[PDB]
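Structure file data-v8.cif (mmCIF, C-alpha atoms and all ligand atoms) follows.
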data_work
#
loop_
_atom_site.group_PDB
_atom_site.id
_atom_site.type_symbol
_atom_site.label_atom_id
_atom_site.label_comp_id
_atom_site.auth_asym_id
_atom_site.auth_seq_id
_atom_site.Cartn_x
_atom_site.Cartn_y
_atom_site.Cartn_z
ATOM 1 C CA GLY I 1 0.000 0.000 0.000
ATOM 2 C CA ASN I 2 0.677 3.697 0.321
ATOM 3 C CA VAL I 3 3.032 5.518 2.720
ATOM 4 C CA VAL I 4 1.383 6.083 6.139
ATOM 5 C CA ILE I 5 2.751 8.691 8.564
ATOM 6 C CA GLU I 6 1.659 8.321 12.223
ATOM 7 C CA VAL I 7 2.162 11.666 13.973
ATOM 8 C CA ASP I 8 3.845 11.831 17.405
ATOM 9 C CA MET I 9 1.244 12.908 19.995
ATOM 10 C CA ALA I 10 3.738 13.408 22.876
ATOM 11 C CA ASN I 11 6.202 15.850 21.227
ATOM 12 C CA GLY I 12 6.356 18.458 18.525
ATOM 13 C CA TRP I 13 2.991 20.162 18.968
ATOM 14 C CA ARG I 14 2.291 23.886 19.557
ATOM 15 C CA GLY I 15 -0.645 26.180 20.060
ATOM 16 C CA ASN I 16 -1.559 28.326 17.011
ATOM 17 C CA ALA I 17 -3.453 31.537 16.210
ATOM 18 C CA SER I 18 -4.398 32.359 12.593
ATOM 19 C CA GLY I 19 -7.030 35.042 13.397
ATOM 20 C CA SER I 20 -7.627 37.873 15.880
ATOM 21 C CA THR I 21 -7.563 35.844 19.128
ATOM 22 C CA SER I 22 -4.354 34.771 20.860
ATOM 23 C CA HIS I 23 -3.832 31.150 21.839
ATOM 24 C CA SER I 24 -2.885 29.604 25.227
ATOM 25 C CA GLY I 25 -0.582 26.820 23.910
ATOM 26 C CA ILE I 26 -1.354 23.094 24.258
ATOM 27 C CA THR I 27 -1.409 20.504 27.048
ATOM 28 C CA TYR I 28 -0.157 16.950 26.672
ATOM 29 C CA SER I 29 -1.871 14.028 28.456
ATOM 30 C CA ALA I 30 -2.065 10.235 28.100
ATOM 31 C CA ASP I 31 -5.061 10.855 25.759
ATOM 32 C CA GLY I 32 -3.026 13.067 23.356
ATOM 33 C CA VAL I 33 -3.073 16.882 22.756
ATOM 34 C CA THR I 34 -5.679 19.332 24.162
ATOM 35 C CA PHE I 35 -6.212 23.032 23.601
ATOM 36 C CA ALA I 36 -8.567 25.718 24.936
ATOM 37 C CA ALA I 37 -10.713 26.904 21.986
ATOM 38 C CA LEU I 38 -10.532 30.593 22.971
ATOM 39 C CA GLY I 39 -11.645 32.165 19.688
ATOM 40 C CA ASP I 40 -11.847 32.011 15.889
ATOM 41 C CA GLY I 41 -8.523 30.790 14.453
ATOM 42 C CA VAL I 42 -7.203 29.264 17.711
ATOM 43 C CA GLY I 43 -5.833 25.758 17.176
ATOM 44 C CA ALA I 44 -3.057 23.182 17.534
ATOM 45 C CA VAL I 45 -0.315 22.385 15.011
ATOM 46 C CA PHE I 46 2.773 20.278 14.273
ATOM 47 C CA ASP I 47 5.265 20.178 11.430
ATOM 48 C CA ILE I 48 5.833 17.658 8.682
ATOM 49 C CA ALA I 49 9.555 17.813 7.958
ATOM 50 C CA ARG I 50 10.645 18.753 4.465
ATOM 51 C CA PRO I 51 10.696 17.687 1.748
ATOM 52 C CA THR I 52 7.062 16.926 1.092
ATOM 53 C CA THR I 53 4.952 15.084 -1.453
ATOM 54 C CA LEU I 54 1.609 15.977 0.136
ATOM 55 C CA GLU I 55 -0.601 16.570 -2.924
ATOM 56 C CA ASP I 56 -3.556 14.099 -2.855
ATOM 57 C CA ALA I 57 -2.618 13.080 0.731
ATOM 58 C CA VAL I 58 -5.405 12.310 3.235
ATOM 59 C CA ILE I 59 -5.149 13.637 6.813
ATOM 60 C CA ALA I 60 -7.272 11.699 9.326
ATOM 61 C CA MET I 61 -7.638 12.991 12.902
ATOM 62 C CA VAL I 62 -9.345 11.149 15.801
ATOM 63 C CA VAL I 63 -10.740 13.916 18.053
ATOM 64 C CA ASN I 64 -12.908 14.470 21.115
ATOM 65 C CA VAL I 65 -14.878 17.698 21.454
ATOM 66 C CA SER I 66 -16.084 19.090 24.817
ATOM 67 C CA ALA I 67 -19.714 19.841 25.649
ATOM 68 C CA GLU I 68 -18.994 23.587 25.834
ATOM 69 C CA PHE I 69 -17.437 23.458 22.333
ATOM 70 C CA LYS I 70 -20.495 21.676 20.916
ATOM 71 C CA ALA I 71 -22.772 24.274 22.676
ATOM 72 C CA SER I 72 -20.808 27.194 21.143
ATOM 73 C CA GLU I 73 -21.812 26.099 17.603
ATOM 74 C CA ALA I 74 -18.261 26.602 16.296
ATOM 75 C CA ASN I 75 -16.839 24.611 13.382
ATOM 76 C CA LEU I 76 -13.540 22.635 13.106
ATOM 77 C CA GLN I 77 -11.060 23.151 10.301
ATOM 78 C CA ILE I 78 -8.153 20.796 9.554
ATOM 79 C CA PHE I 79 -5.606 22.811 7.506
ATOM 80 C CA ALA I 80 -2.052 22.733 6.143
ATOM 81 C CA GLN I 81 0.251 25.583 4.979
ATOM 82 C CA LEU I 82 3.842 26.290 3.974
ATOM 83 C CA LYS I 83 5.893 27.350 7.020
ATOM 84 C CA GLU I 84 7.034 30.913 6.651
ATOM 85 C CA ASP I 85 4.899 31.342 3.437
ATOM 86 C CA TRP I 86 1.679 31.231 5.433
ATOM 87 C CA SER I 87 -0.999 32.213 2.837
ATOM 88 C CA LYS I 88 -0.143 29.248 0.633
ATOM 89 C CA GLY I 89 -2.198 26.341 1.964
ATOM 90 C CA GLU I 90 -5.103 23.933 2.033
ATOM 91 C CA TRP I 91 -8.126 25.905 3.270
ATOM 92 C CA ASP I 92 -11.097 23.896 1.859
ATOM 93 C CA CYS I 93 -11.659 21.346 4.674
ATOM 94 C CA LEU I 94 -14.387 21.924 7.259
ATOM 95 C CA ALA I 95 -16.410 19.974 9.792
ATOM 96 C CA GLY I 96 -19.451 21.931 10.739
ATOM 97 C CA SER I 97 -20.962 22.056 14.256
ATOM 98 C CA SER I 98 -24.039 20.094 13.068
ATOM 99 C CA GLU I 99 -21.815 17.096 12.292
ATOM 100 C CA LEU I 100 -19.979 17.170 15.635
ATOM 101 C CA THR I 101 -20.927 15.694 19.006
ATOM 102 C CA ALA I 102 -19.449 15.756 22.486
ATOM 103 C CA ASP I 103 -20.841 12.252 23.212
ATOM 104 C CA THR I 104 -18.233 10.096 21.406
ATOM 105 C CA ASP I 105 -14.871 10.344 19.711
ATOM 106 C CA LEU I 106 -14.960 11.259 15.984
ATOM 107 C CA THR I 107 -12.743 10.834 12.935
ATOM 108 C CA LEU I 108 -12.326 13.944 10.798
ATOM 109 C CA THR I 109 -10.619 13.839 7.410
ATOM 110 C CA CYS I 110 -9.072 16.297 4.988
ATOM 111 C CA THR I 111 -7.732 15.731 1.475
ATOM 112 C CA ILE I 112 -4.904 18.026 0.326
ATOM 113 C CA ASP I 113 -5.523 19.002 -3.323
ATOM 114 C CA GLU I 114 -4.148 22.302 -4.726
ATOM 115 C CA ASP I 115 -4.345 23.081 -8.460
ATOM 116 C CA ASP I 116 -0.737 24.473 -8.527
ATOM 117 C CA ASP I 117 0.738 21.401 -6.697
ATOM 118 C CA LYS I 118 2.196 23.707 -3.962
ATOM 119 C CA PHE I 119 2.429 20.740 -1.500
ATOM 120 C CA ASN I 120 4.925 18.776 -3.706
ATOM 121 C CA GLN I 121 8.098 20.725 -2.801
ATOM 122 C CA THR I 122 11.504 20.682 -1.072
ATOM 123 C CA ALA I 123 12.103 24.159 0.391
ATOM 124 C CA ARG I 124 9.792 24.327 3.436
ATOM 125 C CA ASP I 125 8.443 22.376 6.360
ATOM 126 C CA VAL I 126 4.641 22.121 6.231
ATOM 127 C CA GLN I 127 2.594 23.207 9.245
ATOM 128 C CA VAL I 128 -0.471 21.010 9.764
ATOM 129 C CA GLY I 129 -3.205 21.331 12.366
ATOM 130 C CA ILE I 130 -6.811 21.849 13.450
ATOM 131 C CA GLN I 131 -8.482 25.098 14.516
ATOM 132 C CA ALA I 132 -11.811 26.390 15.767
ATOM 133 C CA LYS I 133 -13.902 28.671 13.535
ATOM 134 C CA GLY I 134 -16.770 30.947 14.619
ATOM 135 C CA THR I 135 -17.411 31.912 18.257
ATOM 136 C CA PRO I 136 -16.011 28.891 20.174
ATOM 137 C CA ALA I 137 -15.745 27.854 23.786
ATOM 138 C CA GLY I 138 -14.588 24.725 25.616
ATOM 139 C CA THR I 139 -11.770 22.366 24.580
ATOM 140 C CA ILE I 140 -10.649 20.078 21.781
ATOM 141 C CA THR I 141 -8.589 16.872 22.242
ATOM 142 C CA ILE I 142 -6.597 15.295 19.367
ATOM 143 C CA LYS I 143 -5.936 11.552 20.050
ATOM 144 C CA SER I 144 -4.145 10.705 16.761
ATOM 145 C CA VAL I 145 -3.257 12.050 13.321
ATOM 146 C CA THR I 146 -2.496 9.762 10.392
ATOM 147 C CA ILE I 147 -1.426 11.008 6.958
ATOM 148 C CA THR I 148 -1.714 8.684 3.950
ATOM 149 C CA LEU I 149 0.356 9.845 0.951
ATOM 150 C CA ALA I 150 -0.451 9.243 -2.739
ATOM 151 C CA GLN I 151 2.845 7.363 -3.024
ATOM 152 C CA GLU I 152 3.740 3.714 -2.840
ATOM 153 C CA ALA I 153 5.749 2.455 0.077
HETATM 154 O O1 LIG I 201 -11.930 29.682 -1.101
HETATM 155 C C1 LIG I 201 -10.953 30.659 -0.787
HETATM 156 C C2 LIG I 201 -10.234 30.262 0.512
HETATM 157 O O2 LIG I 201 -9.237 29.338 0.103
HETATM 158 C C3 LIG I 201 -9.692 31.445 1.313
HETATM 159 O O3 LIG I 201 -9.368 31.050 2.665
HETATM 160 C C4 LIG I 201 -8.538 31.946 3.359
HETATM 161 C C5 LIG I 201 -7.091 31.482 3.323
HETATM 162 O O4 LIG I 201 -6.282 32.328 4.125
HETATM 163 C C6 LIG I 201 -6.620 32.221 5.413
HETATM 164 O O5 LIG I 201 -5.782 33.073 6.149
HETATM 165 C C7 LIG I 201 -4.541 32.472 6.510
HETATM 166 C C8 LIG I 201 -4.650 31.867 7.891
HETATM 167 O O6 LIG I 201 -3.381 31.394 8.363
HETATM 168 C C9 LIG I 201 -2.468 32.381 8.460
HETATM 169 O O7 LIG I 201 -1.250 31.811 8.951
HETATM 170 C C10 LIG I 201 -0.892 32.051 10.293
HETATM 171 C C11 LIG I 201 0.155 33.145 10.355
HETATM 172 O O8 LIG I 201 0.628 33.342 11.670
HETATM 173 C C12 LIG I 201 1.267 32.241 12.150
HETATM 174 O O9 LIG I 201 1.654 32.521 13.493
HETATM 175 C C13 LIG I 201 2.917 33.132 13.498
HETATM 176 C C14 LIG I 201 3.999 32.088 13.608
HETATM 177 O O10 LIG I 201 5.208 32.806 13.553
HETATM 178 C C15 LIG I 201 5.432 33.491 14.706
HETATM 179 O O11 LIG I 201 6.727 34.067 14.642
HETATM 180 C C16 LIG I 201 4.422 34.582 14.847
HETATM 181 O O12 LIG I 201 4.609 35.017 16.165
HETATM 182 C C17 LIG I 201 3.011 34.041 14.710
HETATM 183 O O13 LIG I 201 2.054 35.058 14.556
HETATM 184 C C18 LIG I 201 0.367 31.016 12.210
HETATM 185 O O14 LIG I 201 1.130 29.865 12.556
HETATM 186 C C19 LIG I 201 -0.291 30.759 10.856
HETATM 187 O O15 LIG I 201 -1.300 29.768 10.978
HETATM 188 C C20 LIG I 201 -2.176 32.979 7.096
HETATM 189 O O16 LIG I 201 -1.221 34.030 7.213
HETATM 190 C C21 LIG I 201 -3.473 33.544 6.547
HETATM 191 O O17 LIG I 201 -3.309 33.956 5.201
HETATM 192 C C22 LIG I 201 -8.048 32.651 5.679
HETATM 193 O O18 LIG I 201 -8.393 32.443 7.040
HETATM 194 C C23 LIG I 201 -9.016 31.902 4.793
HETATM 195 O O19 LIG I 201 -10.325 32.431 4.886
HETATM 196 O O20 LIG I 201 -10.600 32.453 1.360
HETATM 197 C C24 LIG I 201 -10.829 33.021 0.090
HETATM 198 C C25 LIG I 201 -11.617 32.026 -0.743
HETATM 199 O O21 LIG I 201 -11.715 32.492 -2.070
HETATM 200 NA NA NA I 202 -16.617 14.766 24.507
#
Translate this file's structure into structure tokens.
Ligand SMILES: O[C@@H]1[C@@H](O)[C@H](O[C@@H]2CO[C@@H](O[C@@H]3CO[C@@H](O[C@@H]4CO[C@@H](O[C@@H]5CO[C@@H](O)[C@H](O)[C@H]5O)[C@H](O)[C@H]4O)[C@H](O)[C@H]3O)[C@H](O)[C@H]2O)OC[C@H]1O
Ligand code: NA
Amino acid sequence: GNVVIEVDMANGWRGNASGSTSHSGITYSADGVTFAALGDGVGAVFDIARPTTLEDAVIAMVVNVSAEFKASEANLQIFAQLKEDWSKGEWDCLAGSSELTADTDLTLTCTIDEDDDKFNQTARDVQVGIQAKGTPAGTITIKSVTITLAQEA
């Protein structure tokens, strides 16, 4: 089959802010990575080390969303972007509030597919993560992230 990358859930993560609200970092636990969903654009990220062949790759995240997050009606966006060339990215993935629940774990997926093949490249690390969108509250826990490339292993 294809190349499968299993992301380390005990090292290498950071809080992230892509909007007008500052983040409060991340917290590691036996269950994975958790962040406080303080506002629109607040999330959690890690880096895929260069070089990358990420076009047509599938990102799958197992997550748990808190009751307060579900009540806030905010959405969840898996995204990826070129580190230090931030506007160049994959911005078309979204899980809306209506499809989330606080009652069980969920698997959210995102396919990277850019018309200019920006994600097949050697120059930059790629920042990948998940962020809240809208007017959020509560917390988000990431248990695992698995990336399946469009390349034979
Ligand atoms: O359909 C089209 C859509 O594709 C389009 O979506 C918009 C795409 O652009 C999005 O905005 C980007 C969000 O992410 C930002 O990156 C931030 C930059 O800041 C970084 O944090 C810095 C890290 O470095 C430190 O030194 C510094 O202290 C920190 O501030 C952070 O890690 C990145 O995530 C990009 O800069 C933005 O361009 C936008 O939200 C989408 O709506 O919309 C148009 C539509 O036609
Ligand atoms: Na929950």
> Which of these, I:74, I:60, I:149, I:112, has the shortest distance to residue I:135 once you count all atoms listed in the file?
Replying inline: I:74
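Across the model, the gap from atom CA of residue I:131 to atom CA of residue I:16 is 8.0 Å.
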What residues have any atom no more than 7 Å from ligand LIG 201 (chain I) when counting only C-alpha atoms and all ligand atoms, and can you list them as a short mmCIF file (atom, residue, chain, number, x, y, z; two decimals) with C-alpha atoms, keeping the file's coordinate frame?
data_model
loop_
_atom_site.label_atom_id
_atom_site.label_comp_id
_atom_site.auth_asym_id
_atom_site.auth_seq_id
_atom_site.Cartn_x
_atom_site.Cartn_y
_atom_site.Cartn_z
CA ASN I 16 -1.56 28.33 17.01
CA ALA I 17 -3.45 31.54 16.21
CA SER I 18 -4.40 32.36 12.59
CA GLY I 19 -7.03 35.04 13.40
CA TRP I 86 1.68 31.23 5.43
CA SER I 87 -1.00 32.21 2.84
CA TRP I 91 -8.13 25.90 3.27
CA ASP I 92 -11.10 23.90 1.86
#
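For residue I:75, the non-local neighbours within 10 Å, defined as residues at least 5 positions apart in the same chain or in other chains and counting all atoms listed in the file, are residues 40, 69, 70, 94, 95, 96, 97, 98, 99, 100, 131, 132, 133, 134, 135 and 136 of chain I.
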> Written as a ChimeraX atom specification, which residues does the PyMOL selection byres (((not hetatm)) within 6 of (chain I and resi 202)) give for the file shown?
Replying inline: /I:64-66,102-104
